Amino acid sequence: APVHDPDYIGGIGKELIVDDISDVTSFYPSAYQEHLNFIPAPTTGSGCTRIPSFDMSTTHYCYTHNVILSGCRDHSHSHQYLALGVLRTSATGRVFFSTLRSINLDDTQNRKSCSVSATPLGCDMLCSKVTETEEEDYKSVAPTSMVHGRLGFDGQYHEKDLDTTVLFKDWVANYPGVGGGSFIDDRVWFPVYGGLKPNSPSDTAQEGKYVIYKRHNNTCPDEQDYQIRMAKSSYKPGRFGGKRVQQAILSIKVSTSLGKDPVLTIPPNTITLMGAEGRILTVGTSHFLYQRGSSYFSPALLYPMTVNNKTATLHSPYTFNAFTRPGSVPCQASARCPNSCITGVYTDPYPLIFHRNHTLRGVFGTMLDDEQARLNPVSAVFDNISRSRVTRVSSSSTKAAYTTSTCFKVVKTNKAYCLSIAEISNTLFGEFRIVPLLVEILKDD
Amino acid sequence: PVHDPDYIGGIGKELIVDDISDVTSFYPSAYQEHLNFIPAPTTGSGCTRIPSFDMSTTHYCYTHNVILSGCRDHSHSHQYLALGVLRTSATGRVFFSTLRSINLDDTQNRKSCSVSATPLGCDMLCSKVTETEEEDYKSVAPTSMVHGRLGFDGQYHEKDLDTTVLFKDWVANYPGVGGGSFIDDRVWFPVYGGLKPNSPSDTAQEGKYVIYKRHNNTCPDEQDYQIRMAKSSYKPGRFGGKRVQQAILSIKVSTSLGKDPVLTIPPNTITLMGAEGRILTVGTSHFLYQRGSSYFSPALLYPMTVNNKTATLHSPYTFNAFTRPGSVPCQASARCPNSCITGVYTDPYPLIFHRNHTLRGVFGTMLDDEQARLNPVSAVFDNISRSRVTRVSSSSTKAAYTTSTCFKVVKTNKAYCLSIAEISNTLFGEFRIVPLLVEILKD
Amino acid sequence: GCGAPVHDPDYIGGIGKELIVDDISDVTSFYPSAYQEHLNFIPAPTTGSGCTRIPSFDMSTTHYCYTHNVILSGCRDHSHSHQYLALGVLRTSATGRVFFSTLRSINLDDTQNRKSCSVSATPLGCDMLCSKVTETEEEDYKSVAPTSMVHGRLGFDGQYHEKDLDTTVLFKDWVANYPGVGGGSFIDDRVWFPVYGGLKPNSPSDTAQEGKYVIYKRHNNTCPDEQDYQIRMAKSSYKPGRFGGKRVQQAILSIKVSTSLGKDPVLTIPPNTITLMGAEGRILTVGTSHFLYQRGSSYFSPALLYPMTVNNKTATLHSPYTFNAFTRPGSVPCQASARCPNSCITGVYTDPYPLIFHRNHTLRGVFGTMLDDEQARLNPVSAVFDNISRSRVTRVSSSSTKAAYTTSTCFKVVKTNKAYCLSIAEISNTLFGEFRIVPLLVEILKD
Amino acid sequence: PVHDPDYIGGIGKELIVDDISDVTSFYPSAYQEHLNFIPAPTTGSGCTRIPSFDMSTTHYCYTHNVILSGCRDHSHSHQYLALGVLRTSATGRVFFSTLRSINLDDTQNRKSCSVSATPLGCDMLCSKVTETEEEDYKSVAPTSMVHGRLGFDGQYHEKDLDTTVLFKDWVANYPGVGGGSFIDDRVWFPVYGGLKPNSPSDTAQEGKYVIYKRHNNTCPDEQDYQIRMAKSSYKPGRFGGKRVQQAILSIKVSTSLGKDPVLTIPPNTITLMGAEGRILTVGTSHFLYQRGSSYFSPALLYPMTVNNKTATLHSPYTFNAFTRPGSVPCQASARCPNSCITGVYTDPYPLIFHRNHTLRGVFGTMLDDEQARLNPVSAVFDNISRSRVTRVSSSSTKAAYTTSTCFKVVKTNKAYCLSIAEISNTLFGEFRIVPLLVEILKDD
Ligand SMILES: *[C@@H]1O[C@H](CO)[C@@H](O)[C@H](O)[C@H]1NC(C)=O
Ligand SMILES: *[C@@H]1O[C@H](CO)[C@@H](O)[C@H](O)[C@H]1NC(C)=O
Ligand SMILES: *[C@@H]1O[C@H](CO)[C@@H](O)[C@H](O)[C@H]1NC(C)=O
Ligand SMILES: *[C@@H]1O[C@H](CO)[C@@H](O)[C@H](O)[C@H]1NC(C)=O
Ligand SMILES: [Ca+2]
Ligand SMILES: [Ca+2]
Ligand SMILES: [Ca+2]
Ligand SMILES: [Ca+2]
């Protein structure tokens with residue numbers, strides 16, 4: 001029923017800047033712009049608001065984040081904030097995000113790692129229902145419970161538990177990838193990751209599969225079969241005792257029946273690195289999988305994704321060598337060799353500048369500009385090697401964490417905007433505030 | 001659009017009726033997480049200030065002023081406006097669920113806006129300013145004013161009031177920031193401003209004054225001197241000796257905005273110097289909160305009686321420990337009449353009543369400092385005392401306006417007080433406006 | 001100004017897309033409004049005998065392209081001719097009313113006789129594929145050389161440049177060959193054009209078709225002739241008597257779009273187990289789907305859309321969508337209500353624009369202007385069609401009226417969320433020549 | 001944005017300078033195909049009417065009015081506006097190439113618009129009407145008027161004139177429909193309307209009249225009767241006896257629209273009753289064409305001299321065979337003064353000149369009927385005669401306004417006359433506006 005102001009409709013989910021000639025990094029973000037903050041901040045000293053997910057279709061946006069009363073990471077009950085809204089314009093021509101349905105989902109169930117997607121029926125959610133820590137989940141035999149929910153245009157929420165005993169038979173743990181999903185054709189597509197049980201069909205299918213991705217102009221000096229050894233062990237990090245940590249994609253038919261006809265796609269690990277959080281993006285006619293750099297590879301990754309009815313295929317990724325993320329040694333931001341780790345942080349890149357033949361040239365995102373610590377969020381435009389002039393939250397050292405970015409255009413002014421939702425350090429009210437930062441994309445001629 | 005039925009009977013009523021208990025045996029819990037319905041700034045210089053809030057038995061209304069470049073820029077601003085309903089999650093936790101969330105931003109500069117929840121939506125009274133307050137007090141024409149409404153459909157409409165007639169005796173005039181109230185088919189707003197010297201309204205107040213006193217803390221000045229100082233408190237030096245006057249504006253609620261407005265000016269034998277304020281309705285009682293911008297520090301609630309289109313004020317309730325910071329000689333501990341414009345908006349919400357409806361106790365968030373806007377502290381107050389408190393921080397913390405509203409989740413038998421407070425911010429602007437929530441407990 | 005223009009902002013997001021995505025509604029509950037006034041961007045004749053005919057139209061997300069052929073002395077005069085060319089953008093007035101705003105408007109009139117021209121909107125302007133004709137079609141099928149062809153382009157600066165194709169090589173296996181009149185389409189760095197003509201008997205291309213045929217059938221109306229007879233007839237339908245039994249063949253030509261015209265041309269010939277006898281046609285791109293429209297010049301009357309997939313420089317066609325009430329007039333035994341395979345060259349160009357889709361992108365309904373007559377080119381009526389039925393109609397006239405070719409393209413004004421269909425129709429004229437080419441406009445309604 | 005160099009020296013000049021030849025030995029060719037730059041209607045009731053055309057040595061301007069529901073409807077309308085340049089194809093065939101093609105359609109009802117090609121683009125003068133002509137003659141305020149411009153960038157800007165001051169003495173006032181002309185840093189538009197009875201402008205025409213006569217066809221009425229009829233002709237009965245008056249408006253051409261407008265009201269000892277018209281510039285001569293809305297049938301061209309911001313008119317050239325249909329007693333063959341509002345806009349383009357610049361011949365498309373708007377016929381005319389003609393049809397055919405402009409393709413040594421004509425349509429509304437093109441030939 002509700003729809004964005006027509007100022008935005010033709011500029012959402014599109015290839016924003018089509019340019020074959022200009023240097024990608026001649027495009028750069030403006031100063032942050034003041035607009036209607038649609039993301040609730042904590043109201044107590046210990047309250048934890050973390051794990052944002054965001055998706056926007058040409059009719060509405062969907063947003064969610066997790067809330068824990070007593071502090072973050074606490075093994076405790078949690079609830080989700082959920083919002084459904086539309087873009088509007090003031091009389092002065094300034095965009096604002098206008099939320100229509102704004103609820104807390106807080107009941108007997110502990111929904112974690114939730115991803116959201118804007119579908120024709122409202123805001124679809126994929127969550128894990130957890131009663132164990134991740135550490136414990138990798139040791140129990142049963143897969144993790146998972147639920148497909150929807151906040152409807154009427155503001156009501158309904159959900160259906162998936163049959164994970166069947167759907168995730170070959171897994172010991174499984175979680176949505178936190179980043180948004182995408183509605184494609186008649187289905188909703190969500191990133192998933194978790195652990196495979198040893199010697200299952202899915203595990204055997206990945207036996208001996210690996211890929212080594214390299215830094216630009218910065219060769220790993222290690223011997224080659226040593227690199228191969230380390231790349232293989234990177235799929236089985238020591239934190240969970242040698243279980244293969246696997247990337248997947250889950251598609252669900254969009255219908256008034258939730259959980260209808262789900263299909264799991266597991267790409268070969270000759271393409272994907274160790275399973276991690278991620279996001280399914282649709283820009284123009286192209287789809288991508290973002291995968292968080294939780295393993296040894298630091299440059300931001302976008303795997304081209306093509307849809308084959310109910311399944312997907314991924315292709316060799318775009319990489320953005322200056323769009324690093326912090327991580328612990330030996331997988332810090334400047335890392336160049338394969339190795340085994342679980343680290344990094346979710347900071348996704350939004351496809352922004354394209355050739356006319358639709359090859360991606362440049363992305364926008366907010367990176368944490370530090371070698372090892374989650375510090376100094378910086379918004380910028382990135383090509384395969386370089387980074388534009390940047391916009392920073394603070395000229396002082398500042399703690400931050402996850403960021404997820406989405407860009408859209410106002411075609412009547414030909415202005416490109418980028419929204420960057422970032423977990424930022426807070427004072428007085430909890431560890432984090434989740435801030436929707438807004439920039440305009442400018443050009444330095 | 002209506003509140004969840006868990007709230008039926010829990011909104012705008014006398015929450016605690018108790019003749020026997022000590023008032024300060026009631027006290028606020030620690031702050032509670034709920035759904036923060038108030039947008040925080042998103043840039044380093046963004047200014048969100050001046051909150052207004054009112055809630056009827058069907059919906060709530062909220063607004064605050066936004067300036068892009070910092071809080072003392074006079075050139076342009078916009079208002080954030082929200083219309084919403086109270087909800088409960090499945091576990092019984094409160095959340096404020098906004099339904100209509102808009103920025104009102106055009107070429108007009110709407111300032112000092114008050115909102116009120118009426119049967120047609122969220123009514124707003126704003127001044128449309130073209131010059132500073134200081135300049136307004138020096139120009140002969142009254143300040144322009146507008147009656148707006150955000151409807152349940154999310155559309156905003158407004159009508160300019162005929163201030164040339166309605167405020168002909170005034171040089172400057174503003175809504176009182178605090179919420180208004182819908183009573184007997186009219187919406188009622190606090191107003192304040194300056195009167196034209198020797199206008200009929202100014203002449204009607206000549207010689208009028210009132211001295212309100214601190215509990216068990218006598219002014220040592222002699223009575224004659226106190227009277228001179230109380231008279232001069234209505235004509236502070238900042239605006240060159242014009243009388244600064246309290247008033248109340250009522251408007252017929254109708255699809256026609258601005259219908260039949262009527263200005264009531266109480267005698268200054270009851271009211272102190274005009275200031276920001278709020279019209280409250282709790283049960284069948286109404287009150288005018290008046291900010292303590294003059295010499296009197298304790299929080300003030302004037303009982304208000306509605307007689308069709310006008311109202312009568314009565315001698316106020318005072319809450320001696322509910323002080324506010326101010327400049328010398330009108331600091332929080334001041335006890336003598338004097339002339340000043342200082343203080344801060346921190347309103348008290350009527351909470352504990354006698355069975356005969358006499359008010360005993362209030363909830364609010366005070367700034368617990370003598371002179372500086374520091375240290376917001378939530379508590380229950382009677383005429384003399386303060387309960388055990390809840391604080392945003394144990395460290396010294398800048399803050400400003402607070403406005404409080406209490407309600408009951410009847411379903412869970414839990415009484416709550418919302419305290420919307422301007423709190424110092426880091427990284428993103430001068431202030432963040434935070435809706436603090438406490439449960440009222442009993443010791 | 002050599003840089004590219006763009007439609008008004010009201011249209012961005014509403015050009016070349018799936019206009020109505022609806023799984024549940026009856027297709028024919030959508031219907032056209034009355035015709036709407038807008039800016040007629042198509043020149044009418046200015047003399048008693050002037051012939052304006054053979055419209056071609058294609059519109060990209062940045063601009064539209066339009067052309068038609070002009071003959072001074074009458075329409076079938078096998079003589080010199082010229083082309084009107086227009087490059088423009090869609091606009092809205094202050095009231096929101098649609099208008100087509102032409103930016104480059106030229107007559108291309110020189111020593112060359114360009115015929116049967118198709119146009120396509122590419123990132124460099126308006127690409128044109130024409131035959132350069134020095135013999136009638138009847139003479140052409142009798143001479144061994146293929147027809148000359150040219151790839152031209154009107155640029156955004158208003159200049160026209162062109163390159164003759166190497167038809168002696170490119171069309172080595174052909175005796176005659178023409179573009180399909182209907183618009184081409186820009187897909188994956190190349191421009192794609194419909195083509196048709198005659199094959200050299202026993203040439204490699206001709207032997208690759210030997211024995212190939214397909215019988216397409218009417219809805220709920222069975223042909224009574226014996227099966228072996230139907231097959232004999234279907235086979236002979238590829239070799240009409242008009243050109244002495246040479247095979248008349250459908251094809252698709254793709255050209256790399258570059259400042260170098262005529263670059264890297266590649267011819268695709270689909271198997272005649274899929275296509276009927278070659279005819280005029282159009283390459284359509286709607287959303288992510290491509291289609292070849294094929295004029296019903298043979299025995300099959302319902303409008304045809306063959307799904308088209310692009311591989312690299314070649315195309316693959318699939319079994320067609322058919323719209324049983326979107327018929328066209330033809331001479332007996334291939335009239336509008338024909339149901340049996342037979343051999344004939346008749347019909348008329350009236351294309352269908354894909355309009356209503358399933359969520360999974362299966363096509364449900366089209367818009368077009370048919371000629372509503374069994375045998376004569378009469379009575380144009382605009383309608384929405386599904387596989388069986390026709391919506392409520394809009395008519396140019398309640399009296400009997402001569403018309404000919406129609407080509408339709410639909411678009412949405414995103415600002416108002418209204419869908420429109422343009423129908424460019426050759427309509428009988430009085431005083432000024434045989435035809436006026438009229439851009440009809442309707443809004444698509446739902447009752 | 002300029003015409004092809006094949007036209008240099010062929011635009012806006014005296015096309016045929018000849019003292020010797022019979023004017024009517026020049027004659028138009030058959031109509032020729034070129035590029036029809038004028039949109040036709042696309043619906044059954046669509047009304048396209050009231051063309052205006054002007055061409056400078058760099059570009060041409062064109063406009064016409066559009067009503068959705070029929071030609072008499074009065075509620076709302078829009079204008080089609082075109083800025084273009086003359087081109088030649090490789091074979092030398094003329095084509096009019098429009099560069100900017102827009103519909104101007106908003107809440108405002110612009111009527112009776114005239115255009116003129118200025119160095120800044122296509123200037124337009126329109127009335128912004130809120131009541132019918134009948135009702136405007138009865139209201140005290142003058143008609144609102146706007147000066148707009150379609151620029152070379154395709155953007156349109158406009159500014160309302162201060163008509164309460166500029167047209168203080170008028171009850172109604174409209175541009176003359178025919179094109180205006182750029183002369184000496186100002187654009188010049190024909191205007192007509194009604195004067196406030198007893199205003200200074202009205203009293204300044206009191207007792208003023210002029211009687212123009214047919215060639216070799218004297219009015220038999222007695223002289224005092226003719227004088228009374230001639231005076232009455234300026235106050236026709238349709239609008240209750242108000243004086244209907246000719247004028248000329250000049251505006252300074254500037255990035256500021258509506259700059260320094262000045263109105264000229266010529267004396268009615270020269271002009272007949274106010275009517276539609278056109279300001280023409282050909283060589284160094286300027287002329288005011290005035291439609292024959294009153295008793296006088298032959299086509300009229302008043303020589304016009306520009307002083308500074310005002311104009312002076314002189315006794316007109318008349319072309320006795322270039323008649324127009326009208327209702328009795330002001331029909332095509334009328335010869336006596338009378339009072340009427342009738343006729344039709346069909347202008348004559350100055351074509352053939354003596355070496356001393358005195359005009360000898362014009363081209364135009366006349367409606368060749370006594371009383372009805374029928375039978376458009378293109379021809380060359382002198383003061384008394386008509387050349388061999390070219391016809392749209394040998395059958396009786398309804399038509400209305402025509403406006404003609406001639407030019408030379410210097411490269412091919414061919415002179416052409418464009419004749420934009422409202423012609424009866426079938427299927428698509430009442431009229432199609434057709435740009436007819438002829439080559440000027442010589443018998444010899
Ligand atoms: C796309 O186009 C650009 C420039 O036109 C070229 O550099 C790039 O290699 C192309 N890639 C593909 C896959 O077409
Ligand atoms: C109400 O009752 C209290 C004590 O019960 C008394 O002190 C007070 O004066 C009473 N007031 C009224 C108005 O009844
Ligand atoms: C698309 O969906 C419709 C409706 O369920 C169905 O009839 C049709 O066959 C589907 N097409 C494909 C290719 O699955
Ligand atoms: C120009 O020459 C002709 C030739 O007789 C003459 O009639 C006309 O009066 C001349 N023009 C002027 C202005 O004398
Ligand atoms: Ca497990
Ligand atoms: Ca003032
Ligand atoms: Ca041949
Ligand atoms: Ca008037």
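Each ligand, and each atom within it, is numbered from 1 in the order the structure gives. When reading the values below, keep in mind they use all heavy atoms of this one structure, side chains included, and skip hydrogens, waters and symmetry mates. Throughout, a chain's letter reflects where its sequence line sits, starting with A, and its residues are numbered from 1.
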Quiz item: Can a salt bridge be assigned to the pair B:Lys111 and B:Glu133 using a cut-off of 4.0 Å between side-chain N and carboxylate O?
Solution: no
Quiz item: If the Ca ion (ligand 6) is the vertex, what is the angle to O of B:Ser139 and O of B:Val171, rounded to 10 degrees?
Solution: 100°
Exercise. Could you tell me whether B:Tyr137 and B:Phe239 have their ring centroids closer than 6.0 angstrom?
Key: yes
Quiz item: Going by atom types alone, do B:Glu276 and B:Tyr401 pair a side-chain donor with an acceptor below 3.5 Å?
Solution: yes
Quiz item: By atom name, which N, O or S atom belonging to B:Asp136 lies closest to the Ca ion (ligand 6)?
Solution: O
Quiz item: Do B:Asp347 and B:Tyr345 have a side chain donor and acceptor closer than 3.5 Å?
Solution: yes
List of N/O pairs, ligand 4 versus protein, all under 3.5 Å?
| unit_1 | atom_1 | unit_2 | atom_2 | d |
| --- | --- | --- | --- | --- |
| ligand 4 | 2 (O) | D:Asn356 | ND2 | 2.4 |
| ligand 4 | 11 (N) | D:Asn356 | ND2 | 2.8 |
| ligand 4 | 11 (N) | D:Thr358 | OG1 | 3.0 |

Quiz item: For D:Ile279 and D:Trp188, which heavy atoms make the closest approach, and how far apart are they?
Solution: CG1-O, 3.6 Å
Self-check item: Metal proximity, B:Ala141 vs the Ca ion (ligand 6), N/O/S cut-off 3.0 Å
Solution: yes
Quiz item: Between B:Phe167 and B:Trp170, what is the ring plane arrangement, given parallel below 30°, perpendicular above 60°, and tilted in between?
Solution: perpendicular
Quiz item: Can you tell me if NZ on B:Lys128 sees more than 12 non-hydrogen neighbours from other groups inside 6.0 Å?
Solution: yes
